[PDB]
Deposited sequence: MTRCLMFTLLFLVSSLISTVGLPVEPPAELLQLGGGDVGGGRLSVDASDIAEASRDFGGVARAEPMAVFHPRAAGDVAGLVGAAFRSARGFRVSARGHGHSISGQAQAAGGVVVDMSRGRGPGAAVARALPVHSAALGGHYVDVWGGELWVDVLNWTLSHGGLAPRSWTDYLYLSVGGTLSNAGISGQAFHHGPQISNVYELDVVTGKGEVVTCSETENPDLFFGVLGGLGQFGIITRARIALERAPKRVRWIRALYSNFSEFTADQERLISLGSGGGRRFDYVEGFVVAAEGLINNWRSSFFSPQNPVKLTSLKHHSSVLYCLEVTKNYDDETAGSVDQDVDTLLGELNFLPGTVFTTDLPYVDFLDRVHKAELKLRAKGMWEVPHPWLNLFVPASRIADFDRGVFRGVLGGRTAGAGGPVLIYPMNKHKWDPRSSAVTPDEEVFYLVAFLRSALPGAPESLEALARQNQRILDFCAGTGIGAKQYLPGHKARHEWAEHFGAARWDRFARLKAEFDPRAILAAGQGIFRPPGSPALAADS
C-alpha cells in the first residue's frame, strides 16, 4: 500500500529536526497510506535478521534526534484520505473525533470547527505538531492546569507495536499498552489513530497580559489562578528582559454569543483580585482560532528574517513549586542574568490532572511548573549554539547542586544511569517491562536513546 522513498529531499528532511543538531540518516523514508502499511513495515523490521530501526516522524519538531532512525526507515506520518467526522456519545457525555496519528493539531482544529463547531479542550502553544508526537510526550499549554495535558484528553488509540501488530487500546481494553504509549516517547508503538475528546468551541478570546517585578507575587498569583466558580481558561507566564527582570502573567477568558454580555465583568472581577503592576494590563480581543495560532504568526515573521531555520537548543523542565523561588534566584537572575533570543516560559500545573498510570514523568509534588528555555542560536553562528548549550548545562547543574527534584520534559538524556534517575526505580521497572513486551528488539524510536537491541 505504501512506498519507500530514497529521494534526497525526503532523506534530508528525515535526517534533521527543529533542534538543528542531531543528523542521523535513515536508509529510506516510508510514506504510508493507512495503518496496515505501517504494521507491514514494522512487521518486516521485527522479522528481519538485523532488525533495522523504524521511527515515526510527525512534524520533526524534536530537539535532539528523537524521531531519527539511523540506517533504518523513517515513517513520514504526514500523509486524498477521508477523515472521520466528530461523534457524540451519550455514554461518555460528550463528543470525540478519530484522527490519523500523523495529523497536525492545526488541521484537527479546522476539521472539528467546520463539523459542529467543536474543538479539543487541551492544547500545545504551537499547532503545527502531530497528534502522535504530542501524545508520545504530554502536550501542554495554558489549559493543562484545568483539563490536564493532551495525554489526559484521549479516549482510545490504535497502536502498531514493535512486533508489527495493530492493537486498539483504551482504559478498558489493553490499558497497559494505552497508558504505556501515552507519554511513552514512541517506545511501545506507532500511534495510527487517536480518539480526541472535544468540547463546544468558544468563538472568541479576551487575551490579557500583565507585568510583575516581584517574583513572589507573580508565582503566588499564578498558583492562585490554577486552583480556581469564575476562572481563566488559560494560565501561562514568561520572563521578560528589563528593556533587572520582569515577569509577564498571560491569561485568557474564552467566550461565545451567549457569554459575550458577561465577559468584561468576569475579566474585571478576576483581574481585581490580582497583584500585578498597575497600568501594565495589555488586552486583545480575537477569534479562538487566531489565539490558538499565535505561535504560527511568530513563525512567519521569523522565516521572513531567516531566523526560523537556526539551531534551537531548547530546554524544558518540570520544577516542584516548593523550589520555584530558589529557581528564580539562581537561574533567571543568576545563570541568565541570549543569542537571537526567544521566550522563557513559566507556569504552574496541577498533578491530579495527569493520570499516574501513564509513562509521563512529573515531579513528586501536587503543583509543579513548566520552565521552558526557548532560546534560539544566531543564524550560521555555531559559537552562539555552544554558548546556549553551556547555559543549559549550568541550569541542570544548578538543579542538581541544590537538590531541586526537577524532571526534563521531552527528555534529552543519553546514558542509562540518567534514564534510571529520570524515571526512578518503580517507573523504570514498569517502562522496561513494557519495552520487553511491545518492542523487544528496540526497533522503535531508537533516537530517544533509551534502549539498544538485545
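- Numbering the deposited sequence from 1, one finds several regions with no C-alpha coordinates, namely 1 to 39, 119 to 124, 274 to 277, 293 to 318, 413 to 415, 533 to 541.
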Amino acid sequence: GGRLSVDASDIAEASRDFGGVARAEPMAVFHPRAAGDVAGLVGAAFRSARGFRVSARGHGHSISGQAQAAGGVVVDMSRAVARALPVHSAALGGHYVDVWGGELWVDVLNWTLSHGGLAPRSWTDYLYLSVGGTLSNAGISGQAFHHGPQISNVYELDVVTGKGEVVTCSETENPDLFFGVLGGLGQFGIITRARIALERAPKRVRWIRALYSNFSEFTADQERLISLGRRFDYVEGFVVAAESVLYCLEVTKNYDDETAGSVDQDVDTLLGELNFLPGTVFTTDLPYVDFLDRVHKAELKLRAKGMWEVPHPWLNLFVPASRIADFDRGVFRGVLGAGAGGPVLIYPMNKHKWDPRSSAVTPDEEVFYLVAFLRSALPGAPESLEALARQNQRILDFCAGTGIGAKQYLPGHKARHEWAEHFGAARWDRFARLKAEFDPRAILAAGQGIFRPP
From here on, numbers count along this sequence of modelled residues.
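- Across the other compared structures of the same protein with both neighbouring residues present, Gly339 lacks coordinates in at least a third.
- Gaps at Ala80 occur in at least a third of the other compared entries of the protein that contain both adjacent residues.
- Between the stretches 162 to 170 and 144 to 152, it is 162 to 170 that shows the larger average CA temperature factor.
- As the entry records it, the average C-alpha temperature factor is higher for 272 to 280, out of 272 to 280 and 196 to 204.
- Across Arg357, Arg83, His312, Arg323, the greatest Cα temperature factor reported in the deposited entry is at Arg83.
- For the set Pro379, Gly189, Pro363, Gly132, the maximum C-alpha B-factor listed in the entry falls on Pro379.
- Sort the modelled residues of the chain by CA B factor and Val371 lands in the lowest third.
- Residue-level temperature factors show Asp293 in the middle third of its chain, judged at the C-alpha atom.
- For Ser78, the recorded CA temperature factor ranks within the highest third of the chain's modelled residues.
- Among the modelled residues of its chain, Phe52 has a C-alpha B-factor that falls in the highest third according to the deposited record.
- In this PDB entry, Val239 carries a Cα temperature factor that places it within the middle third of its chain's modelled residues.
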